[PDB]
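Protein chains in written order, with the working numbering: chain G, 1 to 139; chain W, 140 to 278; chain A, 279 to 635; chain S, 636 to 901; chain L, 902 to 1058.
First the structure, in the form of structure tokens, and then the observations on it.
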Amino acid sequence: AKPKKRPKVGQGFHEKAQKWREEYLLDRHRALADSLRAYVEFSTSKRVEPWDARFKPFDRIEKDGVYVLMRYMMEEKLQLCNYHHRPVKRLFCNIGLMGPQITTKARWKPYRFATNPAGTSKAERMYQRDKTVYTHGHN
Amino acid sequence: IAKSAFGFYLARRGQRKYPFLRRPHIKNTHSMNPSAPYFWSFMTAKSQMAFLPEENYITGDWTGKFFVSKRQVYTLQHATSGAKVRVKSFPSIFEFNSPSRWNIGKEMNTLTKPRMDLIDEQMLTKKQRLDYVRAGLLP
Amino acid sequence: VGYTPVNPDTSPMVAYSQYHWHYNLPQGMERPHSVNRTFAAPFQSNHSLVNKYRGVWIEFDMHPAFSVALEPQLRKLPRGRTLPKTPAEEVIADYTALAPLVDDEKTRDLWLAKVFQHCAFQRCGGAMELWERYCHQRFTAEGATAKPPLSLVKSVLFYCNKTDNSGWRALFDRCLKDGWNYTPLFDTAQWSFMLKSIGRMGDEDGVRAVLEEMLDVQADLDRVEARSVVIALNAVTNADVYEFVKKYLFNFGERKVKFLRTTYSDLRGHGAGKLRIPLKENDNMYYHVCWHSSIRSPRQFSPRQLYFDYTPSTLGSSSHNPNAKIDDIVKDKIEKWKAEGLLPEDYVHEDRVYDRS
Amino acid sequence: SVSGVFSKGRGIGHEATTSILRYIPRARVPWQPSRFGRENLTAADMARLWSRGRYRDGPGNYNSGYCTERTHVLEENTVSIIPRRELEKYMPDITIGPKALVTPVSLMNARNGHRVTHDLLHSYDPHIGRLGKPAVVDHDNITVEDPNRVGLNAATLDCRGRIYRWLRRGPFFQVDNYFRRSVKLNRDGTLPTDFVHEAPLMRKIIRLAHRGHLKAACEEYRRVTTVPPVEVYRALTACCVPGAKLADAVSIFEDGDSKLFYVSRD
Amino acid sequence: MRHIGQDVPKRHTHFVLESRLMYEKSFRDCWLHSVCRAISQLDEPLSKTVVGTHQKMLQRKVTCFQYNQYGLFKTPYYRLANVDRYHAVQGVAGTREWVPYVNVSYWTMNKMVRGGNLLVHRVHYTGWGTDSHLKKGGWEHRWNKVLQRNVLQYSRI
RNA sequence: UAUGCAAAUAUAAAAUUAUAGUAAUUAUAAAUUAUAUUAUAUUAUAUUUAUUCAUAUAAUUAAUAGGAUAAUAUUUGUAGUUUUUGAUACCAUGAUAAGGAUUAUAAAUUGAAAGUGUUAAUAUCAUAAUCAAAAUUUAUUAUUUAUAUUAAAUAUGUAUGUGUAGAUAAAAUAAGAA
Ligand SMILES: O=c1ccn([C@@H]2O[C@H](COP(=O)(O)OP(=O)(O)OP(=O)(O)O)[C@@H](O)[C@H]2O)c(=O)[nH]1
């Protein structure tokens, strides 16, 4: 019986929490601008070839096989699409002359392996990406 | 230990498993999760054509609201008018004293951090401070 | 067990106990019940009949030829549930200018009844001159022998009640059984209008005469509206007619007297604006109506209010009373013995104990 | 050592009946002789109790827009109410008024007997919003403050019985109450017609009927709220003769006589 | 009030009445709110009569009316808490602490079945009961069969 | 560790204790109570799999009142303030759970009664209750591992590091184990 009021939050905590929230919002603004810049630059920059050079369709020498078709028919548009996996797969679908061979028989490098830059030559590159950028794993 | 009236009335019953997306008390601790590519599709209305929620407008002959609703989406007038904007949050409230144009079109709950990283060193007890130090949250 | 009760219809344990029918035993009807056939209640509705006419009907029925001939004139007179808003003097002038032309006593009487009804609806008090011009010479004067039509007499009564005229008695006395004997054909609406008009006019003997005639002729007191009865019973002040009202109030039903009390209370209180003319203060009649309603209604039990001041016997509560008189019992016994004669008559008795107060 | 929730109350009947009625004992309930209901509360206490009925969006709640306090203490931290003028700067003002809350009679059936969007369920029977005065529901004066205690809330005093009565409503309860309390027959015996607001609709129906547009005539007849006069029914019936629409004529006659005070008994 | 002469053993039992009232408010507002929501966010033209500005202006006006509707029942059913009517114990639908047919909590159900207060039949705890649909496909199959019995059985006009 | 110094239970007795005065009898017995399979014999046990586990919020519970096609009620619109005091922010009797070790094949089920927050007598400032958009520090909880990855109620930005210490979880039932 006879309830009494009991403080729960610190006496000076409220204003400190307010200013911490304001500073966090400003830091989030800065990080958002940085992440937008990095995402746009990643999307525009050319990436590595997303096809495995160790499987049946992409095994021939660069002077034969599907590589001749790629170099003489759809070479121009690969630079415009910047070798991203989704546009290259869509272009391979639309070009024909391959049929279901891009899915029933072909294979592609994983999602985090196909996002490496044009020249990497190293496995640990995917872990060298900036961490303060909140681009959700898009360099 | 959260202190509320419902804490005594109800029981946590351990780490019980709830139906998908049907927890009783919603606590969107992930509202402030940053994602630059998904900036317009995270914790926001799915369609760009949708109007702003009712909570962004005044309906009746009001006399005044102490704080605006969290779902109220920040607009240009919020910063341009230079008025007073407050959002209810732990512990008491968060006031927008730093009007910025980078948060136009985003919900105030998305802008405000629910789970504040700051920890009060005042109300913490001896055992609780020892626990926080052991966890590493406190020196 | 617990504060919350157990419903036996839903609880299977009660339904399958030895005091009810188990599910293994055959399920069949036992002792068929006929309640609506052995004693069927009459239909009494809490809400009044919505489709009721709620007015006095004049039973307008004339020859079709005369009706169609007077159709241009009769459009202004009220029809069945249709009331034109023509000025009353216009129809009065039309009647006084065209009645001698049409040669039919019954048609003239019906037309005059419609004129009276219209002027009563408009509350125009100037139409009594029409009655004195046409009907007074032959229907009621120095022992008039004529038999007026029921429609005409009912219309005249409605008009006089609406205008609160003082000439209604000369016609009602003729309408008693020894004269025209039109009392049994009066509608309950007519009776209610008469009672309300007399209550407003404050006639002490009129209310008594009307109530006695209604009881004699078996008018439906229950269907007579409560407000008219309340207004009629508010105006009685003389002791004799008040006693008559007291003894007559037992004729009404229990629900009727309860709602009479309710209407009287609300009208002399909050519903004072409901009446166009405010009701006079008659606290004697108000108190008697409330008391009679309390008598007629079933009596509940309120033990705390009934026995708030109850005190036990002196001998019964002597142990629990620190200062109580016990020699009073001995004094009562001595008085009883003296009355019986065993003790000497009127013997001097001295106090047996000290007076502690 | 006497404590009381309310320190003052008022009676129901004024000083014209109680002074005479006090001499007649009243059989009060044996286990609670003294009763104190919402209709017995003082003005300020009743207002402050009715404000707290609504969970939110009500005057009782500290932050609902209709509060009147200058400041509110929150977790041992004072806060100042943002006034309506300052809110208006960044909150666009949309306000129609009492007309927005109310809905038409034709939509009352679809809304399940409710013509008001107010968060307190308004019942047209004179027993649920039973203050000292009988419960009368207004239409163009509906407001959040609601000065007349005609709505139903589930937090005020002596509300459990009213809630039970509301839940035990029969079919067509509100519709029947609205009909019987709005379209009552006149005392003088005249049908409840000649309504000034409803008059143009009758003329439109008559024009369509005499123009032979019976389908549109009925489609506008269904919009009639009060009881139409005998002219509408006679025109509608006379429209069926050229088309030999005996079915529709009989339906019109039934709808006229069986239900609406025998208007079509002509 | 204020626990002076309380009649019900539990104060929280009144929340059951409050929940019934909120369900009745939902019954009132479920058509108007749905119609306003459907009209507001329909990008395609409604018909030949209303197109372009005559449609967009109407959508704005109906959205304004919906916002001005004070007390509209916005909240969905699944977010309304379920409280037992016998002992005022809260249970959340979808878990095991609430039964759908009796609308009482797990504790109340256990008490009523252990006593005699609800005619139920016992089945094996680790089986599919005795229902053919439950044996066939389970909860989802019986749910779909309820849908089929209700709506899909009828060849709608 | 017997050479000297040393009578000593093998019993002629009179309720306990006590110097043969102190207290009021004193002792003793039987039954029962959780510690000890034995090595053919009422059963071969011995294999597979797994382990970074977290969430609760903005106060008023103590009445009945009937409407169309019914032989008539304005009961349209029913109006009497104030003497009581507990399941509420302690306490305010009882009651359901989890926990496999010996009654077995056979026309057969591998889940227990010894008690788990809410429930029926002790009172004596108690307005703590969801109707959305919310605040991890709390024992009792199986998460998706590297070809293609965010569209409708808003729904998780974090921890790549030799299948990797300690400690620990599960299964002999349409499955495959002697
Ligand atoms: O039973 C009732 C109820 C109510 N009223 C209401 O009384 C109002 C007039 O008030 P009065 O009823 O006092 O006037 P009156 O004697 O002239 O009335 P009638 O006999 O001519 O009807 C009328 O407008 C009516 O609504 C009654 O007349 N009777």
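Don't be surprised by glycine CBs; every beta carbon is placed ideally from N, CA and C.
Item checked: Residues in the region 701-715 of chain S having any Cβ partner in chain G nearer than 8 Å -> So the close ones are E710, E711 and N712.
Item checked: Residues whose Cβ lies closer than 7 Å to any heavy atom of ligand 2, in chain order -> The model depicted lacks ligand 2 and carries ligand 1 instead.
Notebook entry, point to check: Could you give the residue range of the beta strand (DSSP E) that holds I509/A?
Noted result: Element bounds for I509/A: not the beta strand (DSSP E) but the alpha helix (DSSP H), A504 to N512.
Next item on the list: Measure how close the beta-carbons of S433/A and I336/A come, nearest whole angstrom, since I'm counting them as under 8 Å.
Entry: 5 Å between Cβ atoms; contact.
Notebook entry, point to check: Considering only C-alpha positions, which residue in the set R240/W, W201/W and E234/W is nearest to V224/W?
Noted result: Check the Cα spacing between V224/W and each of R240/W, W201/W and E234/W: the tightest is with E234/W.
Item checked: Start-to-end residues for the beta strand (DSSP E) that takes in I232/W -> Counted as a single uninterrupted DSSP element, the beta strand (DSSP E) harbouring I232/W occupies residues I232 to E234.
Margin query: Rounded to whole angstroms, what is the Cα-Cα separation between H136/G and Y39/G?
Written below: A direct Cα-to-Cα measurement between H136/G and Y39/G gives close to 9 Å.
Item checked: CB of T249/W within 9 Å of CB of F181/W, strictly -> Contact flag set, yes.
Item checked: Beta-carbon proximity list for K46/G, same chain, < 8 Å, skipping 5 on both sides -> Leaving aside the five residues that flank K46/G on each side, the residues in its chain whose CB is nearer than 8 Å to its CB run, in chain order, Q79, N82, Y83, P117 and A118.
Next item on the list: Starting from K227/W, trace the beta strand (DSSP E) both ways and give me its first and last residue.
Entry: Per DSSP, the continuous beta strand (DSSP E) segment holding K227/W begins and ends at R225 to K227.
Item checked: Residue-chain proximity (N821/S, chain L), Cβ-Cβ < 9 Å -> Residue-level contact check: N821/S does not touch chain L, since none of the beta carbons of chain L fall below 9 Å from its beta carbon.
Notebook entry, point to check: Just checking my contact of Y968/L with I729/S at CB under 8 Å: how many whole Å lie between their CB atoms?
Noted result: Beta-carbon to beta-carbon, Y968/L and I729/S are separated by about 6 Å, close enough to satisfy the 8 Å threshold.
Next item on the list: State the start and end residues of the unbroken beta strand (DSSP E) segment that holds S715/S.
Entry: Per DSSP, the continuous beta strand (DSSP E) segment holding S715/S begins and ends at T713 to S715.
Note to self: For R750/S and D442/A, what's the separation of their Cα atoms in angstroms?
What the structure shows: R750/S and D442/A have their alpha carbons spaced roughly 45 Å apart.
Check: Should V88/G be flagged as near chain S, meaning a C-beta pair shorter than 9 Å?
Finding: By the rule that beta-carbons nearer than 9 Å mark a contact, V88/G does not touch chain S.
Check: For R28/G and chain W, any beta-carbon pair shorter than 9 Å?
Finding: Judged by the 9 Å Cβ criterion, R28/G is in contact with chain W.
Note to self: Any beta carbon of chain A sitting closer than 9 Å to that of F807/S?
What the structure shows: Not one chain A Cβ lies under 9 Å of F807/S.
Next item on the list: Report the partner residues of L676/S according to the DSSP bridge assignment.
Entry: Answer is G644/S.
Next item on the list: My understanding is that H627/A touches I612/A, with C-beta atoms under 8 Å, so please give their C-beta distance in whole angstroms.
Entry: With a beta-carbon spacing of about 6 Å, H627/A and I612/A fall inside the 8 Å limit used to define contacts.
Note to self: Using the three-state DSSP reduction, which class does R273/W fall into: helix, strand or coil?
What the structure shows: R273/W carries a helical assignment under DSSP once its states are collapsed to helix, strand and coil.
Note to self: Relative to the C-alpha of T44/G, which candidate in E23/G, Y134/G, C93/G and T115/G has its C-alpha closest?
What the structure shows: The shortest C-alpha separation from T44/G is found at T115/G.
Next item on the list: Less than 8 Å between the CB atoms is what I'm expecting for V369/A and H396/A, so what's the real figure, rounded?
Entry: Sure, about 6 Å apart at Cβ, within 8 Å.
Next item on the list: For the region 18-52 of chain G, enumerate the residues whose C-beta is nearer than 8 Å to any C-beta of chain W, in chain order.
Entry: With the criterion set as a beta carbon lying under 8 Å from some beta carbon of chain W, the members of the region 18-52 of chain G are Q18, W20, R21, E22, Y24, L25, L26, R28, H29, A31, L32, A33, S35, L36, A38 and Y39, in sequence order.
Check: Excluding sequence positions up to five away, which residues of its chain have a Cβ less than 6 Å from the Cβ of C702/S?
Finding: Nothing listed; no residue qualifies.
Next item on the list: Measure from the alpha carbon of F586/A to the alpha carbon of each residue in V637/S, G639/S, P668/S and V640/S, then state which is nearest.
Entry: Ranking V637/S, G639/S, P668/S and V640/S by Cα distance to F586/A puts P668/S first.
Next item on the list: Pull up the distance between the alpha-carbon of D500/A and that of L435/A, whole angstroms please.
Entry: Computed Cα separation, rounded: 22 Å.
Notebook entry, point to check: Can you round the beta-carbon distance between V867/S and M837/S to whole angstroms, since I take them to be within the 8 Å contact cut?
Noted result: Going by Cβ atoms, the distance from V867/S to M837/S rounds to 6 Å, so yes, they are a contact pair.
Notebook entry, point to check: If you drop the 5 nearest sequence neighbours on each side, which residues of the same chain put their C-beta closer than 7 Å to that of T168/W?
Noted result: Answer for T168/W: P253 and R254, listed in chain order.
Next item on the list: Please work out which residues of its chain come closer than 8 Å, Cβ to Cβ, to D775/S, disregarding the five sequence neighbours upstream and downstream, and give them in chain order.
Entry: Within the same chain, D775/S has close Cβ partners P733, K734 and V737.
Notebook entry, point to check: Helix, strand or coil for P117/G per DSSP?
Noted result: In the structure shown, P117/G adopts extended strand secondary structure according to DSSP, grouped into three states.
Margin query: Need the endpoints of the beta strand (DSSP E) that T706/S sits in, please.
Written below: In the DSSP annotation of this structure, the continuous segment of the beta strand (DSSP E) that includes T706/S starts and ends at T706 to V708.
Next item on the list: Can you give me the Cβ contacts of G786/S inside the same chain, cut-off strictly under 8 Å, excluding the 5 residues immediately before and after it?
Entry: Short of 8 Å from the beta carbon of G786/S, and not among the five residues preceding or following it, lie these beta carbons of its own chain, in chain order: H753, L755, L756, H757 and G764.
Next item on the list: Evaluate contact between the region 528-537 of chain A and the region 566-579 of chain A, counting only Cβ atoms and requiring at least three cross-stretch pairs below 8 Å.
Entry: With a cut-off of 8 Å, the region 566-579 of chain A and the region 528-537 of chain A count as touching, because enough Cβ pairs lie within range.
Margin query: I'd like to check one pair, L922/L with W685/S: are the Cβ atoms closer than 9 Å?
Written below: Result no, Cβ atoms of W685/S and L922/L do not sit closer than 9 Å.
Notebook entry, point to check: To the nearest angstrom, how far is it from the Cα of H848/S to the Cα of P835/S?
Noted result: Answer to the nearest angstrom: the Cα atoms are 17 Å apart.
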